[PDB]
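Worksheet: one structure, shown below.
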Amino acid sequence: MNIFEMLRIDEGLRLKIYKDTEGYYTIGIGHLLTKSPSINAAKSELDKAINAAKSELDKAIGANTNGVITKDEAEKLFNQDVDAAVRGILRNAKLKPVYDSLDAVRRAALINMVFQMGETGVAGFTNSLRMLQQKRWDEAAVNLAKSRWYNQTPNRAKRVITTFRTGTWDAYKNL
Ligand SMILES: [Cl-]
């Protein structure tokens, strides 16, 4: 197990644009494109939003994709996105010290969160980050679950939280 295999499990692999639970058009292995309008937002609004997502994808791939990519392309955006998550952690004054204090497995769990919620979002978990830095694993686990993140994607958050709790890959074994 490693950060790529871990995120591939949590994000899945879809070759056509889809909408995630937060309302973001997404594709590949968790590659976020743009926000979608209301399930009502006018007939025009919808087409606009979809074309805006297709435009973002074309820009990312460097080709006219029409909202569909190959597995190889999804893996390329994934390599870029994992790289970006790590880079985000290292340039952030709040996340870097926590990342540096963690072991490899727990580092992967932090990259997983940043990949899902972005640098700024994770850097805002001030109390959980402090508990992680203090190696108070069970306390950090309890605190991390008190979040919209956990409530919206509980099965995934539980695996990430268990990874911070144990410092092992047990939550991803047999998946
Ligand atoms: Cl991109």
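Residues in the structure tokens are named by chain (A, B, ... in the order shown) and by number from 1 within that chain; ligands are numbered from 1 in the order shown.
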Note to self: ligand 1: which residues are within 10 Å, counting only C-alpha atoms and all ligand atoms? Reply as a ChimeraX atom specification.
What the structure shows: /A:31-33,56-62,76-78,80-81,84
Note to self: Would you pick out the contacts of range 154-168 of chain A at 9 Å or less, using only C-alpha atoms, so that residues sharing its chain but fewer than 3 positions from it are not included, and give the list as a ChimeraX atom specification?
What the structure shows: /A:10,103-110,112-113,132,136-142,144-145,149-151,171-172
Checklist line | Proximity to residue 86 in chain A - best of A:52, A:114, A:27, A:68, only C-alpha atoms | finding: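 Result for the nearest residue to residue 86 in chain A: A:114.
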Notebook entry, point to check: Using only C-alpha atoms, which of the listed residues (A:17, A:148, A:93, A:133) sits closest to residue 69 in chain A?
Noted result: A:17
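Closest approach to residue 134 in chain A from the set A:38, A:21, A:101, A:51 is made by A:101, with distances taken over only C-alpha atoms.
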Notebook entry, point to check: Please, what distance in Å, to one decimal, runs between CA of residue 25 in chain A and CA of residue 175 in chain A?
Noted result: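 It comes out at 25.4 Å.
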Notebook entry, point to check: How far is it from CA of residue 119 in chain A to CA of residue 88 in chain A, in Å with one decimal?
Noted result: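 Atom-to-atom, CA of residue 119 in chain A to CA of residue 88 in chain A, that is 5.7 Å.
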Checklist line | All strand (DSSP E or B) residues (DSSP, backbone) inside range 17-86 of chain A, as JSON, numbers by chain | finding: {"A": [17, 18, 19, 24, 25, 26, 27, 28, 31, 32, 33, 34, 35, 68]}
How close does range 44-99 of chain A get to range 127-131 of chain A? List, as JSON lines, each residue of range 44-99 of chain A within 9 Å, its nearest atom pair and the distance in Å to one decimal, counting only C-alpha atoms.
{"residue": "A:94", "atom": "CA", "partner": "A:129", "partner_atom": "CA", "distance": 8.3}
{"residue": "A:95", "atom": "CA", "partner": "A:129", "partner_atom": "CA", "distance": 7.8}
{"residue": "A:98", "atom": "CA", "partner": "A:129", "partner_atom": "CA", "distance": 6.6}
Check: Looking at only C-alpha atoms, which of A:6, A:75, A:122, A:30 is the one that sits closest to residue 96 in chain A?
Finding: A:122
Next item on the list: Find the residues near residue 50 in chain A: any atom within 9 Å, counting only C-alpha atoms, skip ones fewer than 4 places away on the same chain, and give them as number ranges by chain.
Entry: A: 17, 25, 34, 36, 45-46, 54-55, 67
Margin query: Let's see if you can do this: from backbone DSSP, list all helix (DSSP H, G or I) residues in range 16-172 of chain A, as JSON, numbers by chain.
Written below: {"A": [43, 44, 45, 46, 47, 48, 49, 50, 51, 52, 53, 54, 55, 56, 57, 58, 59, 60, 61, 71, 72, 73, 74, 75, 76, 77, 78, 79, 80, 81, 82, 83, 84, 85, 86, 87, 88, 89, 90, 91, 95, 96, 97, 98, 99, 100, 101, 104, 105, 106, 107, 108, 109, 110, 111, 112, 113, 114, 115, 116, 117, 119, 120, 121, 122, 123, 126, 127, 128, 129, 130, 131, 132, 133, 137, 138, 139, 140, 141, 142, 143, 144, 148, 149, 150, 151, 152, 154, 155, 156, 157, 158, 159, 160, 161, 162, 163, 164, 165, 166, 170, 171, 172]}
